[PDB]
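Data block below; observations after.
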Amino acid sequence: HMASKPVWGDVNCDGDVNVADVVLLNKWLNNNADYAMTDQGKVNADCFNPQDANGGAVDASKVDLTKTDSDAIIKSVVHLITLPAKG
Amino acid sequence: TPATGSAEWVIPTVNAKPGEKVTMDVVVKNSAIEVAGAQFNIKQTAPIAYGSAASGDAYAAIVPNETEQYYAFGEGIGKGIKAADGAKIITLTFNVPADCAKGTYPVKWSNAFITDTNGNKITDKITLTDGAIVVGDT
Ligand SMILES: [Ca+2]
Ligand SMILES: [Ca+2]
């Protein structure tokens, strides 16, 4: 599979969006090699200024992952916002 | 290899008079586990009113939903932190109405999920101890 739809915020691909996802993205953002993040995970993690906010299939090699993605995920976890976000 | 030990996270039991603003420091006891992140509700029993939440320095900065009294933290680079004993996870202020009847008003944890540095659930290793505001007289 060369592209995939995001389940927004589910970095670790376990079906839940929670602080495990935040922690693992923060770990990966800090150093890509510390977490074997999947192509699906990458697509899932890119929830701030994503490639396609209507939720169609996207390319994992064209994600833009930053700490702001993590900030959006943790905000979504406590229901302050819904994913995806922009700015 | 999920982080092995334990901690206890304690909402305190405090005395208060009707009309009083109450600051509750929620603290770590017997800290013996590295925690990377957590999410939880803490809710007070009526008619005690909710003021606000403030971050503690036990683990990581609190991201609060004040409407839902739903809170979360995640260490900025995904490291586990073994908090200092007695350190504040979160600080919650409440206000006791002047017409509050004498009694025990629980302040309780719920909907907790706690994670280690590798994304493993460690909620079971953390004892979540409810507290209370015990209202007396005026
Ligand atoms: Ca997840
Ligand atoms: Ca992004």
Side-chain angles (χ1 to χ4, degrees), chain A, chain B residues 1-4 9 33-41 59-65 68 70-81 109-126 128:
Chain A
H1 302 275
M2 298 306 280
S4 56
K5 284 192 176 167
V7 187
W8 302 114
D10 188 20
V11 170
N12 77 342
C13 295
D14 72 357
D16 298 324
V17 182
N18 64 30
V19 288
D21 297 295
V22 175
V23 164
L24 290 172
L25 184 56
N26 286 356
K27 181 179 272 179
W28 186 93
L29 284 167
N30 185 62
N31 182 25
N32 285 185
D34 294 350
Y35 180 56
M37 196 190 294
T38 61
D39 285 359
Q40 188 60 62
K42 287 186 186 204
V43 172
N44 293 357
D46 190 3
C47 63
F48 179 83
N49 295 330
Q51 284 173 83
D52 175 13
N54 289 119
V58 295
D59 190 337
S61 61
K62 294 173 178 182
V63 301
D64 182 35
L65 294 180
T66 64
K67 192 61 159 41
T68 313
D69 296 281
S70 184
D71 298 337
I73 293 171
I74 195 163
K75 281 192 142 185
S76 80
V77 169
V78 300
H79 306 144
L80 281 172
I81 70 184
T82 298
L83 304 174
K86 65 183 173 83
Chain B
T1 167
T4 50
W9 285 6
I33 196 180
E34 287 185 343
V35 177
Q39 64 194 64
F40 46 85
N41 291 99
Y59 295 111
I62 291 281
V63 177
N65 187 328
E68 289 191 23
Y70 198 21
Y71 316 99
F73 69 77
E75 204 282 332
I77 59 168
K79 295 299 173 184
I81 301 173
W109 300 95
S110 62
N111 298 303
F113 172 92
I114 306 181
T115 177
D116 74 11
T117 189
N118 297 310
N120 304 305
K121 181 176 72 147
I122 59 175
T123 323
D124 300 307
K125 299 175 184 199
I126 312 294
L128 300 180

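Counting convention: from 1, in listed order, for ligands and their atoms alike. No hydrogens, no waters, no symmetry mates; every other heavy atom, side chains included, goes into these values. Order of the sequence lines sets the chain letters (A, B, ...), proteins ahead of strands, with each chain counted from 1.
Closest to the Ca ion (ligand 2) among the N, O or S atoms of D46(A) is OD1. The minimum distance between the Ca ion (ligand 2) and any N, O or S atom of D64(A) involves atom O.
No option in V43(A), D39(A), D59(A), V58(A) other than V43(A) meets the side chain to side chain contact (heavy atoms under 4.5 Å, CB included) test with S4(A).
Taking the charged nitrogens against the carboxylate oxygens, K67(A) and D71(A) do have a contact shorter than 4.0 Å, which makes a salt bridge.
Closest non-hydrogen pair, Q40(A) versus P6(A), comes out as NE2-CA, 4.2 Å.
Under 3.5 Å, the side chains of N120(B) and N118(B) contain no donor-acceptor pair of N or O atoms.
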How far apart are the C-alpha atoms of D21(A) and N44(A), what are their side-chain angles, what is the distance that settles it, and do they pass the side chain to side chain contact (heavy atoms under 4.5 Å, CB included) test? CA-CA 10 Å; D21(A) 297 295; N44(A) 293 357; over 6 Å; no
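In summary, an N, O or S atom of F48(A) is located under 3.0 Å from the Ca ion (ligand 2).
The side-chain heavy atoms of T117(B) and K27(A), taken from C-beta on, include a pair separated by under 4.5 Å. A 4.5 Å side-chain heavy-atom check between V23(A) and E75(B) finds every atom pair outside the cut-off.
Of all protein N, O or S atoms, those under 3.0 Å from the Ca ion (ligand 1) number 6.
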